[PDB]
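Residue numbers (the numbering used here), protein chains in the order written: chain A, 4 to 102; chain B, 21 to 114.
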């Protein structure tokens with residue numbers, strides 16, 4: 004969800020938004036962990052935190068994304084091996100709230 | 021739908037150090053097959069035939085523009101020979 008970007012489809016933005024709605028209804032098979040920032044620094048530092056080993060440098064974020072896929076790509080989500088991709092965290096305030 | 025197999029299943033109790041004739045088990049993932057969506061070939065909005073038609077229409081428009089450029093730019097020698105010859109005659113008049 005939070006790592007894939009799609010294409011415009013020459014549409015009225017209503018049906019185009021509409022189809023995204025139901026594709027979004029099941030797009031997330033589980034909880035995307037990147038929305039869990041209500042936890043305190045104590046809970047974050049705890050080893051049960053999965054995103055710990057995806058935080059190694061303050062300037063960037065580390066995350067899982069589709070591999071061998073050029074962004075943005077076709078709106079229908081291609082299936083491929085999960086991989087690790089990183090981006091620029093330009094805003095210092097974009098650092099996770101517990102940190 | 022199930023691929024055929026003469027042997028149903030048996031009871032095997034493997035060890036760590038003495039796996040002899042080290043095989044390659046077929047690994048399986050843990051996410052349910054309900055999350056593994058079926059493949060769909062997203063058909064392009066246009067077809068190569070429509071691409072040919074549109075590109076040929078654009079070529080016709082470009083060729084019409086080039087023909088207009090040709091007819092406007094083919095008269096320049098005519099302008100040259102229409103403008104200088106009276107002046108050349110006038111200079112000869114001296």
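Beta carbons are placed, not taken as given, at the ideal position from N, Cα and C, and that holds for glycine.
When only Cα atoms are considered, residue 106 of chain B and residue 91 of chain B end up about 24 Å apart. With three or more CB-CB distances shorter than 8 Å, the segment 52-71 of chain A counts as touching the segment 30-40 of chain A. Among the bridge pairs identified by DSSP, residue 91 of chain A is matched with A:63. Close to chain B, meaning a Cβ-Cβ distance shorter than 9 Å, are the following residues of the segment 10-32 of chain A: 12, 13, 29, 32. Interface flag for residue 102 of chain B against chain A is unset, since no Cβ pair is found closer than 8 Å.
If you look at residue 17 of chain A, you'll find it isn't in any alpha helix (DSSP H); DSSP assigns it neither H nor E. Counting other Cβ atoms within 10 Å of its Cβ, residue 29 of chain A stays below 16 and is therefore classed as exposed. Among the CB atoms of chain A, one or more fall inside 8 Å of the CB of residue 51 of chain B. For residue 42 of chain B, there is no enclosing alpha helix (DSSP H), since its DSSP letter is neither H nor E. Scanning chain A for C-beta atoms nearer than 8 Å to the C-beta of residue 74 of chain B yields nothing, as the closest lies near 14 Å away.
Of all residues in the segment 60-85 of chain B, only 60, 62, 65 place a beta-carbon less than 8 Å from a beta-carbon of chain A. CA-to-CA, the gap between residue 86 of chain B and residue 90 of chain A works out to about 48 Å.
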